[PDB]
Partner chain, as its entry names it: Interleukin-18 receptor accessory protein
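In structure tokens, one chain follows: the form solved without its partner chain.
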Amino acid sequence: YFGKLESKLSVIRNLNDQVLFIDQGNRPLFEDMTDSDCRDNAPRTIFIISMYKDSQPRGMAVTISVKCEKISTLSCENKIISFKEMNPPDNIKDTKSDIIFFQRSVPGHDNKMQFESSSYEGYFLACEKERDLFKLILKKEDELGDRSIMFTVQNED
């Protein structure tokens, strides 16, 4: 069955150069981070990303998990996003879990990626502008090549 490849920290930036963050409501928002001068042991810390072993033609299986007040992993129930309090599994029976995510680089860009459902296509992760915060949900835009539904992932070390 499924399996864990390697767990490591990765910075998730948005289209406006915003780093994913969590709030008191365990909601995935987007904040601003320089990471230029404060990089030297910066207080803030992004969520953890666990890579799973998958032998697919094109598909990066990853899983985001926020650690601080309570470990919570990003899980997409049906069409909405929900944070499930639980550390990233070490070995899953199914190849596509509710927490598993399908990352796919975007063609014709620097290093953008697209978050797709573990099961199959139909719903892609995007960022919704709510009030003064950019939240993250699962929707189906009209254009798959729209930056609005594109995200950036970097290595944290």
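Positions refer to the first chain, counted from 1.
The discussion below concerns the form solved in complex with its partner chain, not included here.
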Counting only non-hydrogen atoms and a 4.5 angstroms cut-off, does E69 reach its partner chain in the entry with it bound?
no
Considering only heavy atoms, tell me if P107 and its partner chain come within 4.5 Å of each other in the entry with it bound.
yes
Heavy atom within 4.5 Å of its partner chain in the entry with it bound - qualifying residues of 116-151
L144, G145, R147, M150
